[PDB]
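> Experimental coordinates follow, after the sequence.
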Amino acid sequence: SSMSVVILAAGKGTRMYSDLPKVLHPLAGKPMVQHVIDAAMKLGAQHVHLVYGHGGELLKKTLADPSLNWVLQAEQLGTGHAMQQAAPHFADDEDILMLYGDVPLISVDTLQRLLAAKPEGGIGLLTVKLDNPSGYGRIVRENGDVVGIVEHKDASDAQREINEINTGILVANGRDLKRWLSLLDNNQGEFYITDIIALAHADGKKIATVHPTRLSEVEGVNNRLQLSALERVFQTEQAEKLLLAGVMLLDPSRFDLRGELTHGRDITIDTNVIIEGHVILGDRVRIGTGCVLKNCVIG
Amino acid sequence: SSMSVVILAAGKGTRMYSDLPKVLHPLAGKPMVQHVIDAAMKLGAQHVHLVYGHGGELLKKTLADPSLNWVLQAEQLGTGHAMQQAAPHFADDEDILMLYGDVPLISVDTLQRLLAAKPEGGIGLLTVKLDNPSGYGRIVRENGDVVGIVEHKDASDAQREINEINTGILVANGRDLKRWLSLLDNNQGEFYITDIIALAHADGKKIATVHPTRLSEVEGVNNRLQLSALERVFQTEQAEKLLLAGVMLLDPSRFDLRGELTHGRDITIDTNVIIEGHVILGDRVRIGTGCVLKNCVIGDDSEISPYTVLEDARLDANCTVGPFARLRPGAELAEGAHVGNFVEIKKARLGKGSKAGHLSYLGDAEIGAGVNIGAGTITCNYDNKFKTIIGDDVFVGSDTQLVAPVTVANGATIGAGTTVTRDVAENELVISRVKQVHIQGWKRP
Amino acid sequence: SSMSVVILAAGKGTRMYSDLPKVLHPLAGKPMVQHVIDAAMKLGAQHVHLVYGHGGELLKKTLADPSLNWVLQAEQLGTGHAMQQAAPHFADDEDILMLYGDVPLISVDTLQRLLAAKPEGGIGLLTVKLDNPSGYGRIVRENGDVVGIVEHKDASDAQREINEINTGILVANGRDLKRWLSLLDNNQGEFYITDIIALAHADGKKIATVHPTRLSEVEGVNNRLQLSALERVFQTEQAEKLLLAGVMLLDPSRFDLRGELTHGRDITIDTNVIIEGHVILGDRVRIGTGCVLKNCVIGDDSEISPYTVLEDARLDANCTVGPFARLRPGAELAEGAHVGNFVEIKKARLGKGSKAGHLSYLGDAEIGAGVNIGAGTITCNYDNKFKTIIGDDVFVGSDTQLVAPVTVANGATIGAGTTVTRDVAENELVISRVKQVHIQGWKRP
Amino acid sequence: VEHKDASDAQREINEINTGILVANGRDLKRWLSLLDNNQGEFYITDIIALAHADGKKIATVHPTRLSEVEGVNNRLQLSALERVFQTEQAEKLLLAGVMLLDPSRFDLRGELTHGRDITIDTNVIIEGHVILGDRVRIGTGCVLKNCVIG
């Protein structure tokens, strides 16, 4: 079928204390936002629309990627407003999926379930039930039926018990989406993207929901501590994939891959090895403690 | 107001198997007991009384700290007895807080709550409820009211369910405290400090309690395994504080700070870096894997490549050093200077945009701007030690030995494999040139 | 009493993707199966019978161990069938315990409980209750009485709730065992070892059960991820044992022991140290970050600075080595000797208080006391290899090449950049001195 | 919130409205005739939000027994309340010194004045106002209505 993505990446990463746009900050040595692009590419995303506020120039700079469709924005005034700015860019015959540049770990499977649980003329919505939901958007169901999202803000004591929350990731047809959008108000002062849920049950459409398989898939980065946790998660994952594919790591928690590792059979890698760029290792290679390999072929 | 502290540190750290007094053992490179002193200082502690049994001499030795009031002790015979020995030292108008030298992680907030929940003419007592309380002192309340402490020892099956336990940390007015103390018995054979709780509800005073925010604040060290757990806790804490303040750590669980780190903005530190003493890093500095920095200033935009060691060294902006570089005290790099692999620098300055790329040793050297130090160059500066000086735009060929004192003026060039004993003049070339000698068809052994 | 063991190790480690037999894969640098042998040895195991399918030749090869009794096997057709192949090998008067070559962490205590809870003419069976038992063999009890094992396969929804599962480890008398075995069927197509449980309650014998104290004792390795988890468990264990026995590890999760560590008192080991072979460390030794020590003796009070590698090397007391130093077999430091950065030592001795500080290679050398080896000194000892000898109080200038065989007597001095082919006499100075040649106003390319 | 329009999340709210409440007559006159009919009817429920509206505080106490707020819509419900009411009366007489040989087979429909050490056997009914003196015995099955027994 036909499908495009939009990556929201316009806020101020104030708590990063950085002169570099938050989304450009690297995870396993590559911009958070490239992980999201990469994933979009893997979906078959026909076009990728990137919405940004400040940081514009060196955003499009540090991201060559001449294939992208950039979308300017006044000055962060509404997450929904942002979604309006790209609205005129959605073909009516294509699905439009919404992602965030600071949520780098969202897996394809979880998105390629979202795109299957989308009800014709409706929304596919990603959700997660939380241990402690003590500050997020509640998923408000009636008979287990999604009707709309409640901000932790205006949430009755009764609602605050709603474990299940909004990841902010969702789908919808481009036509239907153009619709639901520019029919929303500003009476925080901003426009909430939340609303198009009730504004969809409004005109009698069904909003389905799938869950990500890992909590980390929907973890957002606001600061470096958060990013470092995601780095570790990402590295543990890579390490376990290499272990299961036959590479011996003498300590997978002291291993780092920042790129690609092609390997043959019966390789041993000791502690504190870092692999950057693209490394090709043949059969029966041994890498001792502390080695750094970047863009190497080892026979 | 007025407030003093007492640090108990008299027991035998037998399970440390050490010739060093337990409390002197370092946490993040500093004596357990100094963490406690430090904290006391941060309270405004007017005086600090330290009670010790054995280890006395090298205790007061390894702790200069001429500001402290030391208190000897017969030979560990009562934790309460210990508290008696410092009792005559408490002014009646001041609060007296009690801490232990082997509980290094106790936060100020937790103590500066204890000092607020102290009831006039009474005790402020720190407590913690335990997952498994299977061997500690129970807090015995009646209507939620603290009345006294029960040792796990003499504790009914019913009492043993009391989750909440005694940290051993508490407050009280110096006057009232002097009182409650020397009114206790020895009928374990010792005197329990526990008792002054009931001996306070005795004369109708109220004993309040606050809790520490982290369990680790009241963790005691009896052995090295315990100390290592606290080291990790302490390091995770520091690491998270640097992450939240804007420093990127590529793996905060493979990071160690043993001292102080002043930093600017957008710094990256890769895995397995250790920071000792006081390190100042400017904006946009990158530290690669495995580097150890001790008492260093690194200027904006410098890059420290993997496995580089620096101590008492200075880099201006835009310098590059490593991999496999060793900078010793006095090592100085001017703006945009480069030091490469297998290079050691001691009491030497390498001027603006100068390069020392490979296999060199530079000590006691003043080197100017735009200088090229070829691979294998050695300052042969030991015979005290003597000074080598090199001006701007000098080219030093590979495997040159500079025999100090020697001066090489600006624009001079030095051929490879040259020994330099005499001074070199501006733009002069010098080549230590011999004649290679030839045998034809030589049979190699 | 009398007791033998059987180690099952015949399956295909397909999910290891390896050309090496699964059980030979190392845990802390030694074959999984050797951990099991080791343990068997510690039981007093009179004989050890090892059952294998493929991988035979290099199994018995990579395992010298001429003490073992090998048992071939058609081609993995029954875990019970395997147990049949060794059946004719069990003496009727001895107990026979069953272990698996890919379960390396099984402790002696757990086996030396199994061997105590064995009912005369019956089975001692190791079991574990699981958080999630969602695929293993259930232990089926009636009145808490073991009657037989159910495969997750054929297990009613009701049975699938049975937390307790089969480790596959068990005991039995050799006589009784020979019995229960060859009375089983093949009607998966194979023969299940499971059955001899019901086939024991059959002839009215009691099958007892003990549990291992740690889940990891019965963890099986099918792949490398699993093996790495066991490596970490094993290393944490070793690290904690060293901490409790008095060694300070600055981060026990970045420590690795692959062999044996004998140690004295008050040793500090910083992060990312690896210990291989057998290492002996004296009192008060310090090992810095990143060091690798293999088969070394380090004397009291020595300091090994960061990123130093040593193998088959010896340091007496008070030596200092590193950072960035490389000691190879035969490297020996006498009391208070120092080796610095970018220095390699091979079959060489550096005598009392001698120094080799920078950028040097010393092999096949006998160097005396109080000797100064200048920066960049090389024993040019390869043309077999020849011996260089240097007495006491010798000064060797920087970038000297010592061309062996050569002898430099006591008190001699050698100028910088000197090639030494001939012997040097007591207190003689030698300077390989040429003449530096001068061009004025030279235009550098 | 009426059970009707109640989110799945709200439906977890255990605490419910008895429909009993207080308020000043002045304030009450106010809150009332400021309500709509847009079930078609006017809900008394509303004056709660229409009170938090003009910034007043609505407190709440609970009854000590569930039966205090039990409503009768049918006779089965009424019979349950009858039993509750009779158990209560019976227990009050037991605690005040009257022996009932089976307080679950006793019925008081009115008032019983009594003296000391009275025994009442099973299946006695007391109607109107009955006065019993000390040490009176009433056997099984008796019905007393508006009687004085010495």
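Good, I have the coordinates. Numbering: from 1, shown residues only, chains lettered A, B, ... in the order given.
> Now do the helices in the stretch 51-200 of chain A.
Taking DSSP state H, counting those that start in this stretch as the criterion, the stretch 51-200 of chain A carries its helices at A:56-62, A:79-85, A:108-114, A:174-181, A:198-201.
> element containing residue A:5, please.
strand A:3-8 (DSSP states H and E).
> Direction included, what does that strand pair up with?
strand A:48-51 (parallel), strand A:95-100 (parallel) (DSSP bridges).
> how about TSV for those, with distance to residue D:50 and mean neighbour count added?
(Each C-beta comes from the backbone N, C-alpha and C, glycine too.) Converted to TSV, those look like this (distance: least, C-beta to C-beta, whole Å; neighbours: other C-beta atoms under 10 Å in any protein chain shown):
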stretch	distance to residue D:50	mean neighbour count
strand A:48-51	43	23
strand A:95-100	40	25
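> With distance to residue B:368 added, can I get the ones you listed in CSV?
Output for the strands paired with strand A:3-8, formatted as CSV (distance: least, C-beta to C-beta, whole Å):
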stretch, distance to residue B:368
strand A:48-51, 49
strand A:95-100, 53
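> What is the burial count for the closest residue to chain B within the stretch 51-200 of chain A?
Residue nearest to chain B within the stretch 51-200 of chain A: residue A:58 (13.4 Å; C-beta to the nearest C-beta). Residue A:58 is flanked by 12 other residues according to other C-beta atoms under 10 Å in any protein chain shown.
> Make sure it is actually in contact with residue A:21.
Yes. Here residue A:58 reaches residue A:21: they are 7.0 Å apart, a contact under C-beta atoms under 8 Å.
> Tell me the helix or strand right after the strand holding residue A:5.
The C-terminal neighbour of strand A:3-8 among helices and strands, as given by DSSP H and E, is strand A:26-27.
> Other residues contacting that following strand?
A:32, A:35, A:104, A:227, A:230-231, A:234 (C-beta atoms under 8 Å, 6 or more residues apart in numbering or on different chains).
> ditto for stretch A:177-192
Stretch A:177-192 is contacted by residues A:77-81, A:83-84, A:87-88, A:90, A:92, A:96, A:151, A:172, A:195-196, A:199-200 when judged by C-beta under 8 Å, 6+ apart.
> Write the PyMOL selection for whichever of those are buried.
A single PyMOL command is used to select the members of these judged buried by 16 or more other C-beta atoms under 10 Å in any protein chain shown:
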select buried, chain A and resi 78+79+80+81+83+84+87+90+96+172+195+196+199+200
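> quick one: stretch A:277-295 to chain centroid distance?
Put simply, stretch A:277-295 sits 30 Å off its chain's centre (C-alpha atoms, centre = their mean, to the nearest Å).
> Quick one: end-to-end distance for it.
Distance between the two ends of stretch A:277-295: 5 Å, counting by C-alpha to C-alpha, to the nearest Å.
> So which bits of it are buried?
Neighbour-count burial for stretch A:277-295 [16+ other C-beta under 10 Å]: A:279-281, A:285, A:287, A:289-290, A:292-293.
> Give me the neighbour count for the residue of chain A found nearest chain C.
Across chain A, no residue is closer to chain C than residue A:246, which sits at 3.3 Å (C-beta to the nearest C-beta). By other C-beta under 10 Å, the residues close to residue A:246 number 17.
> what's the spacing between it and residue D:8?
49 Å (C-beta to C-beta, to the nearest Å).
> again with residue A:247
49 Å.
> Over to residue A:106?
Look at residue A:106 and residue D:8: by C-beta to C-beta, they are 28 Å apart.
> Up against chain C, what does chain A have?
Residues of chain A lying close to chain C by C-beta under 8 Å from any C-beta of the partner chain are A:240, A:243-254, A:265-266, A:270-272, A:289-290.
> Try it again at 10 Å.
Contact residues (C-beta under 10 Å from any C-beta of the partner chain) of chain A with chain C: A:239-255, A:264-266, A:268, A:270-272, A:283-284, A:288-290.
> Enumerate the residues of the stretch 1-150 of chain A near chain B.
With C-beta under 10 Å from any C-beta as the criterion, the stretch 1-150 of chain A meets chain B at residues A:15-20, A:25-26, A:28-29.
> from the residues you listed, which is closest to chain B?
Nearest to chain B, judged by C-beta to the nearest C-beta, of these is residue A:17 at 3.3 Å.
> Now do the contacts for the residue of the stretch 101-250 of chain A at minimum distance from chain B.
The stretch 101-250 of chain A approaches chain B most closely through residue A:225 (3.9 Å), counting by C-beta to the nearest C-beta. Shown in contact with residue A:225 (C-beta atoms under 10 Å, 6 or more residues apart in numbering or on different chains): A:15, B:239-245, B:248-249, B:252.
> Can you report how many residues neighbour residue A:184?
Other residues close to residue A:184 by other C-beta under 10 Å number 18.
> Kindly report the same for residue A:42.
Residues within reach of residue A:42, counting by other C-beta under 10 Å, total 12.
> From the structure, what's the count of residues near the residue lying closest to it once chain neighbours are set aside?
Among residues not flanking residue A:42 along the chain, residue A:108 sits closest, at 5.1 Å (C-beta to C-beta, 6 or more residues apart in numbering or on different chains). Neighbour count of residue A:108, defined by other C-beta under 10 Å: 13.
> shouldn't residue A:108 be in contact with residue A:36?
No. If you go by C-beta atoms under 10 Å, residue A:108 and residue A:36 don't touch, sitting 11.3 Å apart.
> Flag every residue of the stretch 51-200 of chain A that's near chain D.
A:138-145, A:147-148, A:150, A:155-162.
> Any idea what the nearest residue to residue A:139 once chain neighbours are set aside is bridged to?
The shortest distance from residue A:139 to any residue other than its chain neighbours is 4.3 Å, reached at residue A:164 (C-beta to C-beta, 6+ apart). Taking DSSP bridges as the rule, residue A:164 bridges to residue A:129.
> Next up, the contacts around residue A:164.
A:127-130, A:133, A:136-141, A:146, A:209, A:211.
> Equivalent analysis for residue A:100, please.
Per C-beta under 10 Å, 6+ apart, neighbours of residue A:100: A:6-11, A:23, A:32-33, A:36, A:79, A:106, A:167-169, A:218, A:220-221.
> Could you find the residue nearest the spatial middle of chain A?
The C-alpha lying nearest the average C-alpha coordinate of chain A belongs to residue A:103 (C-alpha atoms, centre = their mean; 3.6 Å).
> quick one, phi/psi of that residue?
The phi/psi pair for residue A:103 (degrees, to the nearest 10) reads phi -120, psi 70.
> Can you give me every residue that contacts it?
A:7-8, A:23, A:32-33, A:35-36, A:167-169, A:216-221, A:230.
> Residue A:207: neighbouring residues, count only.
Residue A:207 has 25 neighbours, counted by other C-beta under 10 Å.
> now residue A:54
By the measure other C-beta under 10 Å, the count of residues near residue A:54 is 14.
> same check, this time on residue A:117
Quick note: residue A:117 (other C-beta under 10 Å) scores 16 neighbours.
> Now it. Nearest residue, chain neighbours left out?
In space, residue A:117 is closest to residue A:208, 4.4 Å off (C-beta to C-beta, 6+ apart).
> which residues touch the one you found?
By C-beta under 10 Å, 6+ apart, the neighbours of residue A:208 are A:114, A:116-119, A:122-125, A:127, A:145-146, A:170-171.
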